[PDB]
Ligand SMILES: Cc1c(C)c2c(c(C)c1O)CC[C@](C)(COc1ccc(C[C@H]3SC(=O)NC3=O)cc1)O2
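Presented below, as structure tokens, is a lone chain in the form solved without this ligand.
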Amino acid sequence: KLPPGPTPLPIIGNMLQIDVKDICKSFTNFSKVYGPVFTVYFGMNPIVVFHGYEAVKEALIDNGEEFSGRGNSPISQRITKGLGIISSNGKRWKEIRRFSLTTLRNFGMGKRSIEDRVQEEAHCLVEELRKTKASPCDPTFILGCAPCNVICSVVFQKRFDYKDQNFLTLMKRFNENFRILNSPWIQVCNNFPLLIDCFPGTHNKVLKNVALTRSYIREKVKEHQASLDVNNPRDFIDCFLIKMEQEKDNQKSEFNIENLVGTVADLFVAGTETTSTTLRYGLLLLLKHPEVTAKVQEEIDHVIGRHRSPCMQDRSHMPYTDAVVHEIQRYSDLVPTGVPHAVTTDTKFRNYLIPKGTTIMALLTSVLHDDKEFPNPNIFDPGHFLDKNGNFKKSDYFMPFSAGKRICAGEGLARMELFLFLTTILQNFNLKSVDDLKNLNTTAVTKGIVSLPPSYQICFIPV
């Protein structure tokens, strides 16, 4: 039996009781009428929503294996064709994921640590910021390049020069699909597959954007094979190629070319625009909160100095900086509804039964914005992650990366990118606004699955 919920009108479902824009405000309202777990209908498709720490925890952690599905829609299945990590399921998923996770360990790619790659990029990021000569600017693009190049460095064993035309079309391609797939219209075309017919241009752009990206990665994969020194791998590409080698027999093992390309594109789709939006939302909060930025700057000076680049080891000695990054991700609420999951078999959830393959929506926003764990959860305040002695206070409610079996495969890489970029940036500049701070609003715009920070101009003042 499915959990209770609003009464569905026949073919459209609950689609009229939901605010397609702030779709998370609607769910929150239902929880007030139907409790922790409830069910809504997107057309003829059922979606069971889990709202609250208890529910979210129970579902993703405790009954994890059953909820370690993943959500797939008409569109995404068409794009990825079931390959990779994000979209794949079952034996394909576990097989790929595990390899990816080990390869994505700081020293899981060879002699050159992932950290070293980020650091190089942190320096490069800083240099481009110098070139703005302290003039006002929109950090969207520049900040965007850093993360995307990180994945590039991690996937192709060499960063791109911010001006390489190959780096730019590739990056603007991922930024396009992201932008499109983050449109509320995809949330209506997935539940009504006929509407795809009304967007031939958009539809065409996405398919052409996917074709050229895959097609590019293929060539890129081949030029790594013809220079493959199996003794010591260079990057994620070599590592996967070596794995494919010992599958000479297997011929079902998911370690083939078709999965390689797909898994790579997944590192780009999941690890680029996400970090980008957070560094973006991060600077904006640091800009709006000078006192906070000072203290971070005060810790950087003490623990790191004004000469060496910041590294991950400094984090354990910079409690306040840790809490700023944490509070950045929390406030940020990047993915409010989390990514859609699905149950592996018919599952029982406290008095209810969810048939194998039902769409699962764990509400991350509800955990992160918990009234008691973080008093006054709507205001930015690093104190949510600090104890009365200024020490870092870890939270079980810290779920910006989701929880359970399907937790972000790049959690390490993401937190690394956020800490290193932001600290290095603050180490070299001060943040001046193109107006008063009181004229600066940090309220997000959630016109989609990924909430975005508002457009803003910032001045990087080195001192």
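Position 1 is the first residue in the sequence shown; the rest follow in order.
Not pictured, yet referred to below: the form solved in complex with this ligand.
Distance criterion of 4.5 Å from any heavy atom to this ligand in the bound PDB entry singles out 273 from the list 254, 314, 238, 273.
Exactly one listed residue, out of 347, 80, 103, 153, brings a non-hydrogen atom to within 4.5 Å of this ligand in the bound PDB entry: 80.
From the list 383-391, 285-293, 160-168, 178-186, the contact stretch for this ligand in the bound PDB entry under a 4.5 Å heavy atom rule is 178-186. When this ligand is considered in the bound PDB entry, residue 320 lies well away from it, no heavy atom lying within 4.5 Å. Although the partner is absent here, residue 214 is a contact residue: one of its heavy atoms lies within 4.5 angstroms of this ligand in the bound PDB entry.
Using a 4.5 Å cutoff between non-hydrogen atoms, residue 174 counts as a contact of this ligand in the bound PDB entry. Although the partner is absent here, residue 244 is not a contact residue: none of its heavy atoms lies within 4.5 angstroms of this ligand in the bound PDB entry.
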